[PDB]
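Protein chains: 2
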Amino acid sequence: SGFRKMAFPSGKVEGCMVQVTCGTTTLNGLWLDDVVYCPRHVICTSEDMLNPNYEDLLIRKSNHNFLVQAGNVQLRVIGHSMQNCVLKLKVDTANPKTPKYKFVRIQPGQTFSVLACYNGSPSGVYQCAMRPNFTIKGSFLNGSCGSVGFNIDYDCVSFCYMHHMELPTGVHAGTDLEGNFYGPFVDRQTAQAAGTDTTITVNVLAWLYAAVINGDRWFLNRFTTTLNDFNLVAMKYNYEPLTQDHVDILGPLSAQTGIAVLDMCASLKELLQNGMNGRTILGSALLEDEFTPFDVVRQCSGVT
Amino acid sequence: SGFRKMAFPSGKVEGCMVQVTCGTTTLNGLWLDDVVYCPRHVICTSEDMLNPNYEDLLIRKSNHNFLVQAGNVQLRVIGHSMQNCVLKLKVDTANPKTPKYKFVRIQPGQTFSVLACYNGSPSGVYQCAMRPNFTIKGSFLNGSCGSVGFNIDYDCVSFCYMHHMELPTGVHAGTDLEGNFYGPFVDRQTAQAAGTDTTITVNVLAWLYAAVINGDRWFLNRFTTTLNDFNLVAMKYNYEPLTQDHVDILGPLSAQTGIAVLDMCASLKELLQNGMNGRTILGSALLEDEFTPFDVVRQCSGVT
Ligand SMILES: *CC(=O)N(CCC(N)=O)[C@H]1CCS(=O)(=O)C1
Ligand SMILES: *CC(=O)N(CCC(N)=O)[C@H]1CCS(=O)(=O)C1
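As given, the protein sequences belong to chains A and A', one line each in that order. A prime marks a further copy of an entry chain.
For what it's worth, the authors' numbering labels the leading residue of the first sequence as 1, then goes sequentially.
For what it's worth, the authors' numbering labels the leading residue of the second sequence as 1, then goes sequentially.
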């Protein structure tokens with residue numbers, strides 16, 4: 001019993017972290033096989049970040065200008081190329097600690113773990129969600145760029161995020177491992193406002209199921225609703241619309257608890273309309289949306 | 001910017017996890033050097049747990065009855081001994097992945113990361129606090145016993161907890177790595193009620209400092225208080241009494257923000273007396289107490 005914001009074990013990713021320095025800028029790189037992946041803004045000074053022409057800045061850079069250090073040993077750079085907003089530095093040595101991996105581009109609402117690093121060294125691990133406005137609410141200081149987000153399925157690491165930017169609002173933006181930013185964000189120090197940060201409804205429902213499994217049941221009511229009625233309430237409270245795809249994904253949780261998805265939606269509707277009245281659910285005083293239905297099943301069954 | 005419930009990178013601990021089986025019971029073990037540490041209740045059936053005589057049960061066990069598997073390979077057991085509530089199984093092979101380590105017995109209010117494991121395999125990592133009633137609010141299912149709590153200082157892992165029990169209330173109890181339980185708990189399936197779960201006041205203050213650093217300042221007020229006045233309020237709300245030792249530990253946070261500790265206590269006093277009024281602090285609708293002053297400094301400075 002018990003339910004925690006759990007991150008994936010980070011060891012497989014720790015073995016991939018390296019430090020990349022170009023000129024006076026140092027950030028983190030991801031070493032998989034004989035390629036080091038890092039944000040292209042490693043070639044920028046803070047002044048360049050105001051209005052960078054990455055193609056023009058990259059011309060003035062040769063292989064020997066990219067210093068890559070794994071632990072206390074230097075990797076030899078034998079090629080470099082820019083793919084969207086990431087640089088791929090070909091090194092002469094395959095990373096012996098390379099795990100089985102995939103590059104995946106996640107959808108908003110999906111969760112992942114972040115291994116925060118500085119100077120190629122891991123500082124901590126935490127669980128995040130890609131917000132519906134394509135930002136992440138992370139914990140990143142200067143030098144954390146190049147830290148990555150990932151998911152693990154038995155022995156396969158699916159890298160989904162690479163940290164690049166902090167918006168003026170203190171929220172974070174980055175790319176998938178192909179260098180394409182999530183959302184409309186660009187690797188430029190300019191006004192980039194985020195859109196409405198809506199609540200991930202399917203995740204809140206999954207967390208309510210996790211609460212029922214773990215004993216927190218005070219919020220269960222005698223009511224039911226319909227998808228259209230629930231969605232009128234969801235729109236009012238800046239919750240994402242719930243679809244039949246979401247109901248289907250909640251099927252195993254509905255079956256395990258015996259609570260029909262629409263009955264759980266009716267409990268959620270009352271929690272939105274009446275609030276928690278000073279009560280808590282799984283140790284939280286707000287409706288948690290950073291657990292997917294898959295996370296709840298995984299945690300509640302002990303998948304390793 | 002941003003503040004997250006961050007766990008230590010778990011790689012160094014992942015390399016120590018093994019599966020231990022004795023008869024029909026399987027749990028996790030910690031392999032450091034040529035010793036495997038695991039809960040002594042590995043020798044129990046669920047029936048034995050009702051009223052176990054560990055010395056008598058252990059007599060019927062020989063080295064060959066303890067099956068230790070690291071990954072997919074079997075470790076040879078050449079000795080066994082019981083130290084308090086843990087078994088120490090001497091193996092013929094030193095763990096090549098043994099990190100620099102120490103065994104530490106933490107105080108209530110101290111935080112640590114837990115690497116939840118099943119069958120010797122890591123499932124996830126999360127950050128915990130030893131509650132003032134010596135329980136932890138974890139996420140542990142059957143087979144999670146032997147999972148460990150730890151802290152890391154650069155390259156040294158300080159193991160502080162080993163999971164043993166789930167109390168009938170769904171909270172968790174365990175030992176330090178010498179096998180001594182935290183609190184009055186015993187490794188027996190019997191009525192073990194926990195005492196009052198008070199709030200770790202020094203940690204809440206540290207988290208309020210973290211909020212100020214990160215931009216959440218609405219709760220700062222025009223008031224101050226004294227340690228005795230604050231403590232009258234703390235007692236009323238089941239908060240731990242604040243001492244001059246706690247004020248001293250909050251000194252660096254007080255200096256960085258320019259907010260005197262007693263002024264922050266006065267903001268906390270008003271938050272206790274008036275509530276949050278539907279507002280949030282660092283994305284939480286309740287006062288968070290699982291960040292020590294050391295955790296706040298570490299996270300806010302990027303210690304690797
Ligand atoms: C190195 C890095 O990730 N930066 C952001 C640091 C934080 N706090 O996320 C760096 C990239 C361009 S930037 O102007 O956002 C500063
Ligand atoms: C294997 C283990 O840790 N147990 C507890 C499982 C949970 N949910 O923490 C196991 C040890 C004795 S017990 O009766 O608590 C069951």
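Built from N, CA and C at the ideal position, the CB exists for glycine as well.
Any chain A beta carbon closer than 9 Å to residue i
i, result
"A'/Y126", "yes"
"A'/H41", "no"
"A'/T243", "no"
"A'/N133", "no"
"A'/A193", "no"
"A'/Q69", "no"
"A'/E14", "yes"
"A'/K137", "yes"
"A'/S267", "no"
"A'/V303", "yes"
"A'/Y118", "yes"
C-alpha gap between residue i and residue j, whole angstroms
i, j, result
"A'/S123", "A/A211", "20 Å"
"A/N119", "A'/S46", "49 Å"
"A/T21", "A/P168", "25 Å"
"A/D33", "A'/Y154", "27 Å"
"A/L242", "A/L227", "7 Å"
"A'/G109", "A/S81", "49 Å"
"A'/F223", "A'/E270", "9 Å"
"A'/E290", "A/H164", "29 Å"
"A/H64", "A/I78", "8 Å"
"A'/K102", "A'/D92", "21 Å"
"A'/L58", "A'/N51", "14 Å"
"A'/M6", "A'/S62", "42 Å"
"A/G23", "A/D56", "15 Å"
"A'/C128", "A'/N28", "19 Å"
"A'/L87", "A'/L250", "39 Å"
"A'/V157", "A/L30", "24 Å"
"A/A193", "A/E166", "11 Å"
"A'/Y237", "A'/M49", "37 Å"
"A/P39", "A/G195", "24 Å"
"A/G183", "A/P132", "9 Å"
"A'/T25", "A'/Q83", "19 Å"
Proximity test, Cβ basis, 9 Å: residue i and chain A'
i, result
"A/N151", "no"
"A/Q299", "yes"
"A/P9", "yes"
"A/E270", "no"
"A/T93", "no"
"A/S144", "yes"
"A/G29", "no"
"A/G23", "no"
"A/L141", "yes"
"A/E240", "no"
"A/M82", "no"
Presumed contact (8 Å Cβ cut-off) between residue i and residue j, rounded CB distance
i, j, result
"residue 307 of chain A'", "A/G283", "Outside the shown range of chain A' (1 to 304) lies residue 307 of chain A', about which nothing can therefore be said."
"A'/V171", "A'/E288", "Actually they are not in contact, since the Cβ atoms of A'/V171 and A'/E288 sit about 18 Å apart, beyond 8 Å."
"A/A173", "A/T135", "6 Å"
"A'/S267", "A'/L208", "7 Å"
"A/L89", "A/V73", "About 15 Å; that fails the 8 Å criterion."
"A'/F159", "A'/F8", "Actually they do not touch by this definition, with Cβ atoms about 12 Å apart."
"A'/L75", "A'/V18", "7 Å"
"A/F3", "A/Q256", "Not confirmed; about 14 Å, so no contact."
"A'/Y37", "A'/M162", "7 Å"
"A/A206", "A/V296", "5 Å"
Strand pairing of residue i, partner residues [DSSP]
i, result
"A/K88", "A/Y37 and A/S81"
"A/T199", "A/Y239"
"A/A116", "A/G124"
"A'/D176", "The partner list for A'/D176 (beta bridge, DSSP) is empty, contrary to what the question assumes."
"A/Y101", "A/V157"
"A/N28", "A/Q19"
"A'/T111", "A'/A129"
"A'/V148", "A'/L115 and A'/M162"
"A'/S62", "Partner(s): none; A'/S62 has no beta bridge."
"A'/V68", "A'/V20 and A'/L75"
"A/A7", "A'/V125"
"A'/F185", "DSSP output for A'/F185 lists no bridge partner at all."
Report yes or no: do three or more beta-carbon pairs, one from the stretch 226-240 of chain A and one from the stretch 175-188 of chain A, lie closer than 8 Å?
-> no
Is the number of C-beta pairs between the stretch 11-20 of chain A' and the stretch 105-119 of chain A' that are closer than 8 Å three or more?
-> yes
Touch test, the stretch 274-281 of chain A' against the stretch 244-261 of chain A', Cβ-Cβ under 8 Å, three pairs minimum | Result no; under three Cβ-Cβ pairs closer than 8 Å.
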